[PDB]
Asks: 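Below you will find the structure I want to go over with you.
Every chain is numbered from 1 and lettered A, B, ... according to where its sequence line falls, protein lines coming before strand lines. The basis for the numbers below is simple: all heavy atoms, side chains too, and nothing from hydrogens, waters or symmetry mates.
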There are 4 protein chains.
Amino acid sequence: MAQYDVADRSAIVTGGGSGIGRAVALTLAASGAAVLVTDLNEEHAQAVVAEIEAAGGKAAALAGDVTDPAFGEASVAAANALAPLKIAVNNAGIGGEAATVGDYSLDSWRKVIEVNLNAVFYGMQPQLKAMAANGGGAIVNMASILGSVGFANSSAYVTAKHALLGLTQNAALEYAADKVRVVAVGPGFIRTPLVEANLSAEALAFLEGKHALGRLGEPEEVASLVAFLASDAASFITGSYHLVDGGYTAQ
Amino acid sequence: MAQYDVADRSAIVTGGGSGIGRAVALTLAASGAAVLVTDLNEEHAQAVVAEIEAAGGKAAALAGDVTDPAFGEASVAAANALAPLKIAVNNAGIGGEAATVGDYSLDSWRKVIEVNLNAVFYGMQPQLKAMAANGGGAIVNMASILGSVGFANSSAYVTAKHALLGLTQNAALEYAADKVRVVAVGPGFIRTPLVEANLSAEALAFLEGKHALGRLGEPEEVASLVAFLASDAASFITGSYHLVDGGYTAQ
Amino acid sequence: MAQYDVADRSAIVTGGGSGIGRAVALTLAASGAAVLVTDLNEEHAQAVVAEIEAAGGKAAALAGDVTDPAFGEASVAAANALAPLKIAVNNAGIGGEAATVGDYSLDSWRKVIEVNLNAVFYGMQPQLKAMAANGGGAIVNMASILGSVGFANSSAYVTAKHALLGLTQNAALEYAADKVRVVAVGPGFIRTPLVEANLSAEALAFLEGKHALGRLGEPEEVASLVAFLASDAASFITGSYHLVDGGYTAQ
Amino acid sequence: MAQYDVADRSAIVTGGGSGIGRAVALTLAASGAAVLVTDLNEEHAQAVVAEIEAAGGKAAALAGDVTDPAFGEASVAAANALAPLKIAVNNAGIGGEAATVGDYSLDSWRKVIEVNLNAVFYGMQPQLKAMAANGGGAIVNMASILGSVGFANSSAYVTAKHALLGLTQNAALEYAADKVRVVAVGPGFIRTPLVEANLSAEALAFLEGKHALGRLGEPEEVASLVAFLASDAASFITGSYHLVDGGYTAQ
Ligand SMILES: NC(=O)c1ccc[n+]([C@@H]2O[C@H](COP(=O)([O-])OP(=O)(O)OC[C@H]3O[C@@H](n4cnc5c(N)ncnc54)[C@H](O)[C@@H]3O)[C@@H](O)[C@H]2O)c1
Ligand SMILES: NC(=O)c1ccc[n+]([C@@H]2O[C@H](COP(=O)([O-])OP(=O)(O)OC[C@H]3O[C@@H](n4cnc5c(N)ncnc54)[C@H](O)[C@@H]3O)[C@@H](O)[C@H]2O)c1
Ligand SMILES: NC(=O)c1ccc[n+]([C@@H]2O[C@H](COP(=O)([O-])OP(=O)(O)OC[C@H]3O[C@@H](n4cnc5c(N)ncnc54)[C@H](O)[C@@H]3O)[C@@H](O)[C@H]2O)c1
Ligand SMILES: NC(=O)c1ccc[n+]([C@@H]2O[C@H](COP(=O)([O-])OP(=O)(O)OC[C@H]3O[C@@H](n4cnc5c(N)ncnc54)[C@H](O)[C@@H]3O)[C@@H](O)[C@H]2O)c1
Ligand SMILES: [Zn+2]
Ligand SMILES: [Zn+2]
Ligand SMILES: [Zn+2]
Ligand SMILES: [Zn+2]
Ligand SMILES: [Zn+2]
Ligand SMILES: [Zn+2]
Ligand SMILES: [Zn+2]
Ligand SMILES: [Zn+2]
């Protein structure tokens, strides 16, 4: 019976067509947020809109690329058309190449930084302005455990996720006076359909052993924390990094 | 319309007769937790129980001193009698002497460590064992911003609050396999009745300036995060430190 | 009488022609490292080489832009020609524009990320491989206090400095077996001659008040910590972030 | 050829009769500090003084218990008799019972807190006052990796080491104006004689795999960082926590 104070407003969820973003969109919509599901994949975004509406909520899809700053502007316009924009979850991200720093391709490095960091900044610019103009709101940036610790052969990803904590702190300091809160969420390894499909039984067991709870997280377990932080109940929470990692970083 | 998945279980709230503890007790009870309100002050604990019952919730008072290990045992037994113990909020605490490290009195130092650290540990022993035996639960330790930064003339307090992050990490690692989660909450300065009553209009303005949001927090703004973290929605959150500080530690 | 175990090897210092980089180059060279001073400013780079040689040390200048990956490769080749490359200090950096996240120039953002983050990665690729090939070494990345806290109107800078902590962690994990250590240094505000010329009296006084020591740091006070971490004395120090901040982040 | 700017002053090293404390005493004395080696074990302290004097240095032994506040006062007086007290290394510590938080001995908990936390505070009171009177100095508190992460079945130890980071921050803030710096060092697992004696080959191999460098640290590798932080070269380093952990906390 979990319910969040996220009604009478619109919410952008970037990369909302799949995995954690999908879970976030469904949880926000279930508590009455009018959710704009943005994604590269138009049909995936539309499927989540349809699921939302089969469960009785409000949502719309917008297909595009968050690395285009024009798209973040179009997303803020499309969200505001549904209801006043007071939530943005900058969740779209990619894993990058699996290689050492020394071997890493320049193209892969630049692509991971562009999506996982620069596109969050691009999206935030219109999000911050819209929320400041309409009395306040919450931006939740999807970081990772890998925003605070490393993981061999994923340096670009780790670097970008670290970067998000600083961007989060700065926007929080700058827009607090406008009652725009900005926070970062740090999930541990989450069992998405893609992760499940990629991991060998042995590789899965290895990752499970790195979490004190002895399992990977579920997308719904991240979505709950995101929905709480985006809600009016979290009105004194800003600038901060919130782990949902099953104890990964506690050792 | 915030509701938390904390029903069909008992919750201990230490120091539940005043301030943050009172707000925590009211929030947990309003979502269906059977709350044991524990406090040195019997009449204050009884007053909170009366408020909970008038609002349609279930609670009971138990008066005593958390620095007596026997009292933490008695609290766990009394809570279990209401419903299976699956939440404990170790919130009781004192501000301590205002003095430099060099001037700090030994008894004053020892008293702050005894209440703000050792009593949390004393309570956790029977809490952890009870929750492990009945299939899992959540312990929320009330730390502070001063668990991660300092504040001149409050060294014993700062020291105790830093200590809680380690006790929290360790219990989380040790009882994760039993599905007992242990987390720490770090509020900024909160406008409890005693904070209000202490601060001159000038000293209040000074502290407000140290929070990006330009105000002190409200007890209910801490209680919301505590209730979320103590609930089934927080099932992948353990070992971690969660700031509710209006941006205090982001600069 | 401070002396560092940095002899019989070469050291790259990027941005070594002025400010903190100059102080690092002078300190390393005075303890026997053969220092390759790299800088956009060829006159400054040659001037620091002349200072080093006047004090009886060994150095050479290479003028160029760290944002060109080919220049980092050329820097490693030129350093290896002096003596085996076992130290690299990725110090070159820019402040970026002063603006809110919402107003921030896209080009200024991208330029700050490019110099302060991507160029460190570009340089690290050949540095890591050279040091792994010759039995180990130390890479010191120049971060900031602003790698762990924010500062209003310098979001791009804060973001890039945060990113460096992750890049540092990851390279440390990946090259530990090759005995290549990678660390980050986090200075507070440092009164370089350039800063002393730029800051108004009022701006300087404001910043001094944010440091417990009540002053800005000296470039030599950063250089000493860099020289220590780059030395054989620091053989068990890797992956970590080391503040030299006069107490800035302790509150 | 490493040398530290620690001459023309006295240095207290608590627990200096063995392991890391012994290495710290030897390294400080070799760079000209007059070292007061304090320890429960008078003969062990005397043996370290004998080694120091054989190597050409100045030292004296003082046997006592750091949990007696009168002993820390006596230690400051004895150090000042050699030369002006400007270094204190609060290194004395014990391990504690190996048990879960739920099973933990109240006696063991209180003993670990008393030595590893309260005695550091007890010694710091006269240390801070003496150094303030002498024109400044440095206090290095021996924390651990376990001041920032947990380790199952060592909760009291982990809790005490976390506490030290707060005590360090607060003393740094309060005595910065007197030029007394206060820092914490966080070693990974170190091959002291008692670690090598107590760990099975299998337990040692397990811990080696938790450090990126694939080995435990040596006492001399902690002593170099302590000596640096205690020296005039570290004059802008205060309030901060410095890991010497072979990458342990970077993942
Ligand atoms: N183990 C995990 O899954 C895990 C753990 C911690 C953090 N995260 C973070 O959570 C977020 C979501 O991860 P996920 O596992 O659900 O991934 P996913 O691949 O299942 O979903 C990501 C979605 O983002 C979209 N997307 C990617 N690039 C885009 C772009 N340029 N423009 C618009 N949409 C774009 C994709 O189309 C996809 O639908 C990411 O930021 C990821 O880094 C994931
Ligand atoms: N600004 C703030 O108020 C603030 C900020 C951060 C953290 N905290 C933490 O919040 C917690 C609650 O503080 P508060 O501000 O609500 O204070 P408060 O004084 O309003 O309430 C504290 C309660 O704890 C009880 N208590 C004290 N010692 C006890 C003992 N030995 N045994 C049993 N009960 C005892 C008191 O009787 C009182 O009812 C404390 O741990 C405090 O450190 C407070
Ligand atoms: N307050 C401070 O000064 C302070 C505090 C903390 C961190 N830092 C960091 O220390 C480092 C040095 O700062 P500083 O104050 O000495 O700066 P500075 O501007 O005085 O010197 C920087 C040097 O780097 C060179 N440089 C800049 N971009 C370059 C490029 N693309 N290629 C090659 N050389 C380039 C410049 O020519 C110059 O000689 C930077 O990373 C900065 O972020 C500075
Ligand atoms: N793996 C490690 O060895 C390791 C790692 C991180 C931190 N540390 C810390 O390093 C410090 C030194 O530990 P060590 O490994 O060298 O231990 P050790 O047992 O070799 O030496 C500790 C010394 O402290 C003395 N001592 C203990 N209690 C005392 C008291 N009450 N009064 C006076 N002297 C007392 C002992 O007599 C002994 O000589 C401790 O704080 C420990 O927690 C050790
Ligand atoms: Zn009474
Ligand atoms: Zn009363
Ligand atoms: Zn000057
Ligand atoms: Zn701060
Ligand atoms: Zn004896
Ligand atoms: Zn003996
Ligand atoms: Zn050995
Ligand atoms: Zn870890």
Side-chain angles (χ1 to χ4, degrees), chain A residues 69 99-106 109-110 113-114 116-118 120-122 124-133 139 143-144 146-178 180 182 184 239 241, chain C residues 69 99-106 109-110 113-114 116-118 120-122 124-128 130-133 139 143-144 146-178 180 182 184 239 241:
Chain A
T100 60
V101 171
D103 287 350
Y104 223 87
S105 93
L106 297 184
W109 177 274
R110 286 166 182 156
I113 299 304
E114 193 62 17
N116 286 199
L117 173 61
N118 292 342
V120 175
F121 160 64
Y122 301 159
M124 277 175 69
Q125 294 197 300
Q127 290 164 10
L128 289 162
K129 282 184 273 196
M131 293 186 202
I139 297 174
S144 173
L146 302 189
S148 65
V149 297
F151 199 96
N153 284 16
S154 293
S155 62
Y157 184 92
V158 169
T159 298
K161 295 307 196 178
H162 275 69
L164 291 181
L165 271 56
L167 170 56
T168 296
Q169 283 178 326
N170 241 73
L173 294 169
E174 292 170 9
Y175 291 84
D178 297 313
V180 187
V182 191
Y241 172 57
Chain C
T100 63
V101 170
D103 287 346
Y104 217 89
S105 157
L106 296 180
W109 176 275
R110 289 161 183 154
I113 301 301
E114 191 69 13
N116 290 16
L117 173 59
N118 296 339
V120 175
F121 157 69
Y122 301 155
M124 279 175 68
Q125 295 198 295
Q127 290 162 13
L128 287 164
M131 289 186 207
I139 301 182
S144 175
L146 301 191
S148 61
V149 297
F151 199 98
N153 298 339
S154 298
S155 60
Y157 182 90
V158 165
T159 298
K161 292 307 194 186
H162 276 66
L164 285 182
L165 272 58
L167 172 53
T168 295
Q169 282 176 328
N170 243 73
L173 293 174
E174 292 168 6
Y175 293 80
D178 294 316
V180 187
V182 191
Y241 171 61

Asks: When only pairs under 4.5 Å are counted, which of C:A163, C:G239, C:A172 shares the most heavy-atom pairs with chain A?
Replies: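 Ranked by contacts with chain A, first place is C:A163.
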
Asks: Side chain of A:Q125, backbone of C:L106: donor and acceptor closer than 3.5 Å?
Replies: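 Such a contact is absent between A:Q125 side chain and C:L106 backbone.
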
Asks: Between C:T159 and A:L117, is there a side-chain heavy-atom distance shorter than 4.5 Å?
Replies: yes

Asks: Do any N or O atoms from the side chain of A:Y175 and from the backbone of C:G102 form a donor-acceptor pair under 3.5 angstrom?
Replies: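 Judged by distance alone, yes, a pair lies under 3.5 Å.
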
Asks: Which region of C:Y122, side chain (C-beta onward) or backbone (N, CA, C, O), has a non-hydrogen atom less than 4.5 Å from a non-hydrogen atom of chain A, or is it both or neither?
Replies: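 Side chain only.
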
Asks: Name the region of A:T168, side chain, backbone, both or neither, that has any atom closer than 4.5 Å to a heavy atom of chain C.
Replies: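 Interface part for A:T168: neither.
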
Asks: At a 4.5 Å cut-off on heavy atoms, which part of C:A99 comes close to chain A: side chain, backbone, both, or neither?
Replies: backbone

Asks: What heavy-atom pair brings C:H162 and A:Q169 nearest, and what distance separates the two atoms?
Replies: NE2-OE1, 2.8 Å

Asks: Among the options A:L164, A:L165, A:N153, pick out the one with the most heavy-atom pairs lying under 4.5 Å from chain C.
Replies: A:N153

Asks: Relative to chain C, which segment of A:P69 carries a heavy atom at a distance below 4.5 Å: side chain, backbone, both, or neither?
Replies: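 Contact with chain C: side chain only.
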
Asks: Kindly compute the distance separating CG (A:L146) from CG (C:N170), expressed to the nearest 0.5 Å.
Replies: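 The distance works out to 8.0 Å.
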
Asks: Nearest 0.5 Å please: distance from the OG1 atom of C:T100 over to the CG atom of A:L173.
Replies: 12.5 Å

Asks: Counting C-beta onward and ignoring hydrogens, is there a side-chain heavy-atom pair between A:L167 and C:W109 closer than 4.5 Å?
Replies: yes

Asks: Can you see which heavy atom on A:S155 is nearest to which on C:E174, and at what distance?
Replies: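 Minimum heavy-atom contact is CB-OE2, 4.3 Å.
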
